[PDB]
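Here is the structure we will look at, set down as structure tokens.
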Amino acid sequence: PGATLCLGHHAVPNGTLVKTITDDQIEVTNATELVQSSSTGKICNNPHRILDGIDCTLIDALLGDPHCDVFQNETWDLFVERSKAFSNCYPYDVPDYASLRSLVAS
Amino acid sequence: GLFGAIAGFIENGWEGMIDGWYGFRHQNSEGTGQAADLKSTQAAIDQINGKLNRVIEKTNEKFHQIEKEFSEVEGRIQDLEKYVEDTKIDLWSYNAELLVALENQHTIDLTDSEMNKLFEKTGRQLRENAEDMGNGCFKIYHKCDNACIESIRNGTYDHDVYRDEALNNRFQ
Amino acid sequence: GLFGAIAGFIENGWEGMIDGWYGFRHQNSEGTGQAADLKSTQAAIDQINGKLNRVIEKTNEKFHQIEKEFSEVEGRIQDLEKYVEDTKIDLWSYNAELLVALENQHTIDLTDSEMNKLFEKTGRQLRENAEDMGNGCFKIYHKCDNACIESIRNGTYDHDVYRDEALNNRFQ
Amino acid sequence: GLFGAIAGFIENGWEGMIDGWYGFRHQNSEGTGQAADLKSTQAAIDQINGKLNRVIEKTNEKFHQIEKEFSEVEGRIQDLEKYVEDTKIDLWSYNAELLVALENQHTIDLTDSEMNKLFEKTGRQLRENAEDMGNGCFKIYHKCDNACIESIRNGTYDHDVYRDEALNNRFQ
Amino acid sequence: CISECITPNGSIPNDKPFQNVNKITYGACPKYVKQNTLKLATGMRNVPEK
Ligand SMILES: *[C@@H]1O[C@H](CO)[C@@H](O[C@@H]2O[C@H](CO)[C@@H](O)[C@H](O)[C@H]2NC(C)=O)[C@H](O)[C@H]1NC(C)=O
Ligand SMILES: *[C@@H]1O[C@H](CO)[C@@H](O)[C@H](O)[C@H]1NC(C)=O
Ligand SMILES: *[C@@H]1O[C@H](CO)[C@@H](O)[C@H](O)[C@H]1NC(C)=O
Ligand SMILES: *[C@@H]1O[C@H](CO)[C@@H](O)[C@H](O)[C@H]1NC(C)=O
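Residue numbers (the entry's author numbering), protein chains in the order written: chain A, 9 to 114; chain B, 1 to 172; chain C, 1 to 172; chain D, 1 to 172; chain E, 277 to 326.
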């Protein structure tokens, strides 16, 4: 005349595989993803001030290419350059173009 | 795991324990039953939530950085920019791999540990009134009704009340 | 901690143990007393000094490096220098944070372990002459004067001498 | 180690145990003997091979990089290339030192753990028919011939067969 | 819409510590890594059978 008392823990029909020091794959009851691997495909306009360059590079806007003069006195947290931008003024180059673009963007 | 309870002397988990991570199953004169252990469950849960919140805390904020894609071949300066970025990425990738490996090994061991601690605590309450059957179960050597089982589960079991009966059954 | 002794079955520490990290308190026919355990204390201290010396070993020596502050805007090359430095600092800050987190988890666990090892060793000396009360104390079932307590503390306790007396007290 | 078995309650290893990592030595009415425990040996070996395979996996493949030695003094750009390389090497060297330290601490701890798990499992098989002598050996309180010893080693020992004899020897 | 982290592919959530979307980012962003998935266990070993 007595009783039995067993200790145990839960389980589920199928858990998730994770990596450890000793195992490339071992099953636990639950896990959570630490790598963000997807995007909606759209840039959110808040909280950062986004300035869409549209047909203009930042340098064309700086110099004041007429079709870019819409951008006069503009400000941004992030300036977004589009692959469709084009120059439409006197043909020019900027020695160290990359540096001028950087320091203005900043 | 290091403690040998989970996937150890506990032969398997219970898919039917759906209200807790750890718990008890019993058989006595009034039938059989099951109950989650809230304290051990919450101890494991609290530790896991602790490490999760440490890991997902505070992404860094960066603004103007260096260019990472290039439309013209440039040689030396571009080579250096690309090498700096590749180097950075390989180091962070290593940190990420190692971080999850260490955390996960430790998570398995801490849950194994919590299981083992609950087992040891129960054994200690039972004193000389029960024996470890070696599969994570105790044989209790006295009549132990539902209220008695509950006294064990809630940590108020009084071994002296049952000691004469139990010793008589164990040793004679 | 993983072993469930410190902040576990040992309900709390002793502010009154001022000559050691781990030890014994007793009550017998000659009164009560307390004594540090030197070996367990020293084992913990030795491990902690070991990891401390590994961490504070060998700062790196660096001489001519790159500039890290600039008085003029320069563009591309300065962006790259500053990016290299920020990347470096962020990686090391990550290393420092992770290093202390892992060390501290392990320090808590190793001290917890030493506590547990001392308890298990004492239990093993006592054989059938004592029972674990579940709070880190043993009930010893025979007269055990000051010299007897010290024989347990110094690891020479001879269980056979007391076994008949103890079993008579435990079981009859 | 954390568990206190290896270099612990097991006083030393056996140079004479050559066919397993863990095992048994016995003395009974038919003589003495030794046998490796295959399951515990293989569990440790499997864990160590697991971590070894994680560590030696996948070197990175890199092709065109930056120059790392220079035949002319150049100033700023060279300063930066050399600093980038020096910084990278210092970070990887840190990763390597830390990696082996953590793995090795854990290897010592997991092997210690396996020793402890085998000991506890054996104890659990023996139930009330044996007592832990405190040095990793069990005193078995009944006649236990070579087939009996083997029944303990292969995990089929039936404690009930011997319980009456053992209890008579232990307690009376 | 609202997001702290911007990549050339579009905005991404910054609740996770790492990301595999783009090495180019602006704002409070997960760190870019090569792996496309890394799982952090949030539960014990799952042992439904012996
Ligand atoms: C985000 O955009 C990047 C850059 O365009 C994508 O990376 C490219 O992916 C394609 C297809 O896998 C590859 O052929 C290119 O080599 C990648 N470019 C670079 C520079 O790495 C990426 O796939 C996009 N990510 C998401 C989630 O949309
Ligand atoms: C523990 O269980 C007993 C028996 O069911 C009950 O009388 C008592 O109220 C419980 N104690 C606590 C602390 O809940
Ligand atoms: C241990 O304690 C006993 C009892 O007082 C004493 O006789 C003996 O000398 C001690 N042994 C050691 C190793 O110090
Ligand atoms: C275990 O040992 C016993 C005794 O020698 C033997 O009868 C039995 O076949 C063995 N069982 C297994 C599983 O090998």
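Every residue, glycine too, gets a C-beta built ideally from N, C-alpha and C.
By the criterion of a C-beta distance shorter than 7 Å, C/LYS139 is surrounded in its chain by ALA130, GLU131, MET133, once the five residues flanking it on both sides are discounted.
Under the Cβ distance rule, C/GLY4 does not count among the residues neighbouring chain A, no pair being separated by less than 7 Å. Here the alpha carbon of A/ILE67 sits roughly 31 Å from the alpha carbon of C/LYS88. Within the segment 77 to 111 of chain A, contact with chain D at the beta-carbon level (separation under 9 Å) is assigned to no residue.
Its Cα nearest to that of A/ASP31, the residue B/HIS106 stands out among B/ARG163, B/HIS106, B/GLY33.
Among the CB atoms of chain A, none fall inside 7 Å of the CB of E/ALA304.
Proximity to ligand 3 was defined by a C-beta distance below 6 Å to any of its heavy atoms, and the residues meeting it, in sequence along the chain, are C/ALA147, C/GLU150, C/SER151, C/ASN154, C/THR156. Here DSSP, grouped into helix, strand and coil, assigns B/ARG170 to helix.
B/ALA36 is positioned such that its CB atom lies closer than 7 Å to that of B/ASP19. The DSSP-derived three-state label of B/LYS121 is helix. Between ligand 1 and the CB of E/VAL309, the shortest heavy atom gap is not smaller than 6 Å.
By the Cβ neighbour-count rule, B/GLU103 is buried, with 16 or more other Cβ atoms within 10 Å of its own. Taking 7 Å as the Cβ-Cβ cut-off, the segment 78 to 95 of chain C approaches chain A at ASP79, given in chain order. Between E/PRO306 and E/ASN290, the CB-CB gap stays under 7 Å. Under the three-state reduction of DSSP, D/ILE10 is assigned to strand. Interface flag for C/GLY136 against chain B is unset, since no Cβ pair is found closer than 7 Å. For A/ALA39, the enclosing beta strand (DSSP E) stretches over residues 39 to 41.
Counting only the Cα atoms, E/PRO293 lies some 27 Å from D/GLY50. Close to D/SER113, with beta-carbon spacing below 8 Å, are these residues of chain B in chain order: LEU2, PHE3, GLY4. Contact between A/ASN38 and A/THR28 is absent: CB atoms are separated by about 15 Å, not below the 8 Å threshold. A Cβ-Cβ contact shorter than 7 Å links D/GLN65 with B/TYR83.
Rounded to the nearest angstrom, the gap between the Cα atoms of D/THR111 and B/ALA147 is 42 Å. Nothing from the segment 14 to 42 of chain D brings a Cβ to less than 7 Å from some Cβ of chain B.
Contact between B/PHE3 and A/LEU15 fails: their C-beta atoms lie close to 13 Å from each other, not under 8 Å. Less than 7 Å separates the beta-carbon of A/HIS18 from that of B/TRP21. Taking the Cα of A/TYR98 as reference, the smallest distance to any Cα among A/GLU82, A/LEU86, A/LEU71, A/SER107 is reached at A/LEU71. D/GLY23 is the residue among D/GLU150, D/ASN169, D/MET17, D/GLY23 whose C-alpha sits nearest the C-alpha of D/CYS137.
When 9 Å is used as the limit between beta carbons, D/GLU131 is near these residues of chain C: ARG127, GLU128, in chain order. Within the model, the alpha-carbon separation for B/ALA7 versus C/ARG54 is close to 35 Å. By the Cβ-count criterion, C/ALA166 is buried, with 16 or more other Cβ atoms from all chains shown falling within 10 Å of its own Cβ. Residue-level contact check: B/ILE10 touches chain A, since one or more beta carbons of chain A fall below 7 Å from its beta carbon. Residue-level contact by beta carbon fails for B/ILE45 and chain E, as no gap is shorter than 7 Å. Here the alpha carbons of B/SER40 and C/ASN169 stand approximately 35 Å from one another. Between A/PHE87 and A/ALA106, the CB-CB gap reaches or exceeds 7 Å. Interface residue (Cβ-Cβ distance to chain B less than 7 Å): A/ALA11 is classified as such. Put simply, the backbone Cα of B/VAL73 is about 17 Å away from that of C/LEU80.
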